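S.K.: Chains as they are written, first to last, in PDB author numbering: chain K, 1 to 336; chain J, 1 to 336; chain C, 3 to 109; chain D, 2 to 109; chain E, 3 to 109. Okay, here's the structure, questions in a sec.
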RNA sequence: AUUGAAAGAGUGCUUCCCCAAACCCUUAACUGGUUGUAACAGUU
DNA sequence: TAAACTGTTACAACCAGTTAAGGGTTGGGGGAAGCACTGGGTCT
């Protein structure tokens, strides 16, 4: 089922999704140009951010973590166990399976039915040319527009040095001729009131893209290949994989940095039918825009439920109040 | 019937429509030259751009998504469910049917009746030579000229490295000699006040171009080869396909970019007869031009309806200020 | 002069033995109305050259070699005085033509 | 005048073989830069990856990697600052990117 | 013009001999994406200036030359005049780029 | 004003239409600016 | 009734290690490539 959860978080001293030193100790983090008004024209300013690839990979990590506990997690890629983001990266032939079998890149529907890792995040098997668009279109992580407007500066990035001190069997720091292992590096750590918007098209997970339906007697049902129980378990695990995202299990340098997170304002929409996606948290009128789109979609007619985290939003809206993220996804999966 | 939409949308952190620069790993976004005076003559500057072909593909995606829910969604291409816009590719003398059969090419009316994709988004079969110009016209999503004035460039683009990390079954990263797939592909992400404009000529759906009018008694009458209910359903589905085109679904690499994609300002006009197309949002100032166009068209004798959002459109121009794009499509489908 | 080596090292992209077929780079080099875009095309050729070398040494065929520096010097000192577009088009088309030739890649 | 050969030497040393440090991100940044700021950042990063090249050359016995002359930096600054036209700026950046790939006199 | 002297001193930080390296300050003054950390790194270099003077007058080199005050205030006026991040980043990178050049400081 | 006087290769033609450089892809990972050093001695 | 004298402005190690810098898949399909209008001889 289609679920779109957007909102804002607060970050302090995070080195998430660095660009990398590229031989330099000053580890570049990812930057992005953003438009702000500042009452003198919407000029573009460079601000720290992390890509949607970060959120996609960490959603995959939560996916495999939750399948490590579900009884139906046996059908998973052995690469997926080690948080390996690669999905058929090289032009291989027979993919290894954690169960102890192998997968052949033929009859894509068979891979969809059997393998569960490449059902929501897609795959790009390059030798057989079998591709599948993913169903987790993760967004970027950018601050609030008025935040940058009202700071008119105060770079959200700080440079902090670190060193890997050498001590040897003789108790010394080897300079050149007895071990040149002592090393320093400067890392960039960022902060700010960032926003995110995760769209999740779980409605056709487990449905091969080649033949989503059959229409044998003109009926509106998808061409399912797996039993409904396993599909529902996969949907629940994929949606619960969003729980560690909104708590501090995303970004790079998760061991050394481990960014601090919070729940400030979250708006979530959930429905079986196709619904418009919300706006990535970057602006000030995003709450108003979300309220407008929800009320207009309800006017059109949709079986869509809205979950709000202590936000004003507005009146004449049947949105349900939420208090955290795991209870939010529990309420989302409350029906089967 | 005929509806022309235009406006200005603020985008950030998007790698939408990236060419890739050939087989190299440095994926670069589409860039097109534009003319900006900068008070020193209309100088040519290369700016990030979005092809209208992508808009056509995403309109196709929205159309099939909203036609799936319709009770008459069976009459669709097999590749429509596949989210594949390829209609009548190389060496294709037949049409793939979603029911599991084939359609022979004998007349354009039969093609449009059996396959709504060729009816709306057009088709081209080289084997038979049959041609049909699409009813959907898409323009390049270009940043506002006034935006270029107020930012004076700054390259509008950030470069982000996206190292694909691979771990072998043993647990080694590998040096490409063990079959591992490690790789550095870099991507370009842009921003700015882009301008969008789409023309939707929903007056030929179910009306073949070979003989759009029959002239039974020397009177104008569309040659609707389909039932009126099917034509109305196609109208509604195509008009509702604009909702993902404006909410969150646009461009390429949506799985890893998913920009904010909010509507800063929007104008749209609808009529049962031919109407002038809206001016793009690329220009620094087009509100007065749009006001003049609308008022002069209304004075000419055109019964057009105008819907605006975040644009005053003067005082003597009548227009219902919609709150979102969903309200716009509701007004577009309210008159049937 | 200095056309033989650049043509030989540019023809590797479109050569049959390399299954990447960078037709786009040669297309951009061919009909280039300004110097900057043909320079970008040959830069893309040189950027894809390490990939061709890697695939050649993986397959077994002799690896391609980077064009000699004097060739680059000649190209740079000739491209500056392309005041008329005709000579620039002539140079770009000559490079494109020498990008389509037979070479002894895999014996 | 003079910057051509030295820039080619240094960029080749940054990109050439017998180093196992193939940094193409800097080359791509130098090439694809419509504005002058990113071209300057790319060339600055290329110049910054000098100590790695020197240390590797000393370790493996390769000849030391020559650093471009200060007059070359002078000429670079003058032609970048005096040419506000993006056309000539792109031409210079792509010329530098071309000189990033050259088969000079490598290690014997 | 007014980049040689301060760029010369910046190259005095890391060059041949001079067995004390400081690249964090150069990196900070190069990619000065905000209005500051540029003057911060330049001040850090000026604080290491006595260290460089002592090392030069001790080991093998002639004493280093501090950038002229007119140069410093020219830089300050230039950074005050600019408002867009483009000019600030360009100035910062052009300032810190001279730190890596072939200078014959110690004979 | 002449082997020249009169003198339409000219008159209509959408190189067109259809087509996502598209899809999957955590510079990632591990890594303390670390360790020692009285603003100290002495002052009507 | 007097208003800090002075040695000192960090040393030293280190200034990215490695791994890959596209993998793949396709390089115009397919129709036509002037439709008439203006005839030059040799005979009666």
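Yeah, the Cβ is synthetic: ideal placement off N, Cα and C, and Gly gets one too.
#1: Can you find at least 3 beta carbon pairs, one from the segment 117 to 137 of chain K and one from the segment 30 to 46 of chain K, that sit closer than 8 Å?
#2: Give me the DSSP bridge partner(s) of residue 201 of chain K.
#3: On the DSSP bridge list, what partners appear for residue 14 of chain J?
#4: Measuring only the C-alpha atoms, how far is residue 326 of chain K from residue 245 of chain K?
#5: I'd like to know whether the C-beta atoms of residue 191 of chain J and residue 55 of chain J end up nearer to each other than 7 Å.
#6: Give me the subset of the segment 254 to 265 of chain J whose CB atoms are less than 9 Å from a CB atom of chain K, sorted by chain position.
#7: If residue 7 of chain D and residue 89 of chain D are in contact, beta carbons under 8 Å, what's the gap, nearest whole angstrom?
#8: Pick from K:42, K:181, K:296: whose alpha carbon is nearest that of residue 165 of chain K?
#9: For residue 79 of chain K, I'd like the list of residues in its chain whose CB is within less than 7 Å of its CB, leaving aside the five on either flank, ordered along the chain.
#10: With DSSP as the reference, label residue 271 of chain J as helix, strand or coil.
#11: Would you say residue 22 of chain J faces chain C, with C-beta separation under 7 Å as the test?
#12: Determine which residues of the segment 10 to 44 of chain K have a Cβ less than 7 Å from any Cβ of chain J, and write them out in chain order.
#13: If you check the beta carbons only, do residue 262 of chain J and residue 311 of chain K fall under 7 Å apart?
#14: Is residue 59 of chain K helix, strand or coil by DSSP?
#15: Restricting to runs no shorter than 4 residues, where is the alpha helix (DSSP H) found entirely within the segment 13 to 87 of chain K?
#16: So, using beta-carbon positions, are residue 154 of chain J and residue 28 of chain J closer together than 7 Å?
#17: Verify whether the separation of the beta carbon atoms of residue 65 of chain E and residue 55 of chain E is less than 7 Å.
#18: Any idea what DSSP makes of residue 43 of chain C, helix, strand or coil?
#19: Can you give the beta carbon distance from residue 40 of chain D to residue 34 of chain D, rounded, assuming they're within the 8 Å contact cut?
#20: So, does the segment 56 to 75 of chain J touch the segment 263 to 277 of chain K, judging by three or more C-beta pairs under 8 Å?
#21: Contact criterion: CB-CB distance below 7 Å. Does residue 285 of chain J meet it with respect to chain K?
#22: Please state whether DSSP places residue 110 of chain J in a helix, a strand or coil.
#23: Could you say which of K:37, K:142, K:107 lies nearest to residue 6 of chain K if we only look at CA atoms?
#24: With distances taken between CB atoms, is the gap from residue 336 of chain J to residue 242 of chain J smaller than 7 Å?
#25: If the cut is a Cβ gap below 9 Å, which residues of chain J does residue 149 of chain K touch?
#26: Quick one: measure Cβ to Cβ for residue 24 of chain J and residue 50 of chain C, integer angstroms, because I've assumed they're closer than 8 Å.
#27: Helix, strand or coil for residue 79 of chain C per DSSP?
#28: Going by DSSP, what residues sit across from residue 123 of chain K in a beta bridge?
#29: Taking the alpha carbon of residue 267 of chain J as the reference point, which residue from J:77, J:194, J:307, J:112 has its own alpha carbon closest?
#30: Expressed to the nearest angstrom, what Euclidean distance is found between the alpha-carbon atoms of residue 107 of chain C and residue 16 of chain K?
#31: Look at the alpha carbon of residue 169 of chain K and the alpha carbon of residue 177 of chain K, and state the distance between them as a whole number of angstroms.
#32: Below 6 Å, is the gap between the Cβ of residue 195 of chain K and the nearest heavy atom of the ligand NAD?
#33: Output needed for residue 95 of chain D: all residues of its chain with C-beta closer than 7 Å, excluding positions within five of it in sequence on either side, in chain order.
#34: Quick check on residue 184 of chain K: does DSSP put it in helix, strand or coil?
#35: With DSSP collapsed to three states, give me the class of residue 256 of chain J.
#36: Would residue 196 of chain J and residue 9 of chain J qualify as a contact pair, given that the criterion is a beta-carbon distance under 7 Å?
M.R.: In short, the structure shows the following:
#1: no
#2: Looking at the DSSP assignment, residue 201 of chain K forms a beta bridge with K:2.
#3: J:190
#4: 11 Å
#5: no
#6: 254, 255, 256, 257, 258, 259, 260, 261, 262, 263
#7: Not quite, the Cβ-Cβ distance comes to about 20 Å (not below 8 Å), so this is no contact.
#8: K:181
#9: 86
#10: strand
#11: yes
#12: 19, 20, 30, 31, 32, 33, 34, 35, 41, 42, 43, 44
#13: no
#14: Residue 59 of chain K: helix per DSSP, three-state reduction.
#15: For the segment 13 to 87 of chain K, whole alpha helix (DSSP H) runs of length 4 or above, ordered along the chain, are 52 to 67, 78 to 81.
#16: Contact check for residue 154 of chain J against residue 28 of chain J fails: the beta carbons are separated by 7 Å or more.
#17: yes
#18: helix
#19: 4 Å
#20: yes
#21: no
#22: helix
#23: K:142
#24: no
#25: By Cβ distance, chain J contributes nothing, its closest Cβ being about 14 Å from residue 149 of chain K, past 9 Å.
#26: With a contact defined as Cβ atoms closer than 8 Å, residue 24 of chain J and residue 50 of chain C qualify at about 6 Å.
#27: helix
#28: Bridge partners of residue 123 of chain K: K:132.
#29: J:307
#30: Each residue's Cα considered, the two are about 46 Å apart.
#31: 15 Å
#32: Among the components of this structure there are no ligands whatsoever, and the ligand NAD is therefore not found.
#33: 32
#34: Here residue 184 of chain K carries a strand assignment [DSSP, helix/strand/coil].
#35: coil
#36: yes
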